[PDB]
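Here you get one chain, nothing else, as structure tokens; it is the form deposited without adenosine (ADN).
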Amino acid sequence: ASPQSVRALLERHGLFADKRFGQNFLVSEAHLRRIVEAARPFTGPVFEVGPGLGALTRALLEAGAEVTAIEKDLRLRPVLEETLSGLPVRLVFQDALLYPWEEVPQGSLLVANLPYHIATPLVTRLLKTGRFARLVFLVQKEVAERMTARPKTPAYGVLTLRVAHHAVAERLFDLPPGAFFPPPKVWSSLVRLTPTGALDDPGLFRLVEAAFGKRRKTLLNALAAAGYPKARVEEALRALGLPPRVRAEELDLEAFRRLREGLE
């Protein structure tokens, strides 16, 4: 609710949160409301990864969502059981990487608060299922930048292309450190993904992973390192009108698909 509310709730449960705690709790009601708005309409059940103290959980329920809140930090069990007491919510303590995503109804909604820098494993797991109608991510600003990056920019990489393959992305707004307690060192952002129904293309992503394997290598050399024969790659690049020493970061999703087809 605000820094003293949170601190007092955590202390009741013998917890101390500073910048090392592992998460950052929403204390901004204005931002809370905007997040609920981003997730509408509630046309499928919501799976909320990282409920924190349950602030968003409560707001989602009040807006008519059905929510399954999935929390990795077992220390928050007494806190959430209290804050969610008497509410129609399912509370699960589990690493979201292990949650049975293949069980969720097709058309479900995913809302995830992922405060850390490397979000790629989980985002990839969720998108590969093809089971969500909408995914809303509250992430570090730099992660949102990667998810929505243009070619030839610092943020551009495998995660950009994974997102683009499965979904249309929107960076909706940023959130300052002061919206959270403890305040994080970086700004956060809210990103909405609307899946297209595209499922994995595993051969495409073996190529894309290889292409971005080493930052300061040409695409030719990066693919050679993963066992794509240079002679075959050279020819494929020639056929596409690409520079012989073109770099992975210069290629868009369409170009990666054409390259993959060329090599097959």
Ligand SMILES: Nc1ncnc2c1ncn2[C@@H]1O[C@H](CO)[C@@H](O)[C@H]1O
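By rigid core we mean the largest C-alpha set that fits within 1.5 Å across both forms. When you see a residue number, it is the position in the sequence shown, counting from 1.
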| field | Stretch with the greater mean C-alpha B-factor as recorded in the entry, comparing 48 to 56 against 233 to 241 | value | 233 to 241
| Stretch with the greater mean C-alpha B-factor as recorded in the entry, comparing 69 to 77 against 126 to 134 | 69 to 77
| request: Return the residue from 198, 27, 35, 61 that has the highest Cα B-factor in the entry. | output: 27
| If you rank every modelled residue in this chain by C-alpha B factor, which third holds residue 157: lowest, middle or highest? | lowest
| query | Which third of the chain holds residue 186 when residues are ordered by C-alpha B factor: lowest, middle or highest? | reply | middle
| Among modelled residues of the same chain, the CA temperature factor third for residue 214 | highest
| request: Would you mind ranking residue 103 by its C-alpha B-factor against the rest of the chain and naming the third, lowest, middle or highest? | output: lowest
| note | The third of the chain into which the C-alpha temperature factor of residue 84 falls is the highest
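Unshown form solved in complex with adenosine (ADN); subsequent notes refer to it.
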| task | Classify as open or blocked. Procedure: superimpose site C-alphas, place adenosine (ADN) with its pose in the deposited complex, test each ligand atom against backbone and C-beta atoms at 2.4 Å; 3 or more hits mean blocked. | result | blocked
| Residues in which of 94 to 102, 146 to 154, 126 to 134, 190 to 198 have heavy atoms within 4.5 Å of adenosine (ADN) in the deposited complex? | 94 to 102
| said: Does adenosine (ADN), in the deposited complex, lie within 4.5 angstroms of each residue among 24, 73 and 113, using heavy atoms as the measure? | reply: yes
| said: I'd like to know whether residue 117 contacts adenosine (ADN) in the deposited complex, with contact meaning heavy atoms within 4.5 angstroms. | reply: yes
| task | Although adenosine (ADN) is absent from this view, report whether residue 49 comes within 4.5 Å of it in the deposited complex, heavy atoms only. | result | yes
| said: Against the rigid core, a Cα displacement of 2 Å or more between the shown form and the other one applies to just one of 191, 143, 89, 112. Which? | reply: 112
| said: Given a core-based superposition, decide whether the C-alpha of residue 78 shifts by 2 Å or more between the shown form and the other one. | reply: yes
| request: For residue 14, decide whether the Cα shift between the shown form and the other one is 2 Å or greater, given a superposition on the rigid core. | output: yes
| remark: Working note: in the deposited complex the C-alpha atoms of residue 69 and residue 21, off by 3 Å or more, come closer
| request: Pin down for me whether the residue 219-residue 118 Cα distance shrinks or grows in the deposited complex relative to this form (closer or farther, change of 3 Å or more). | output: farther
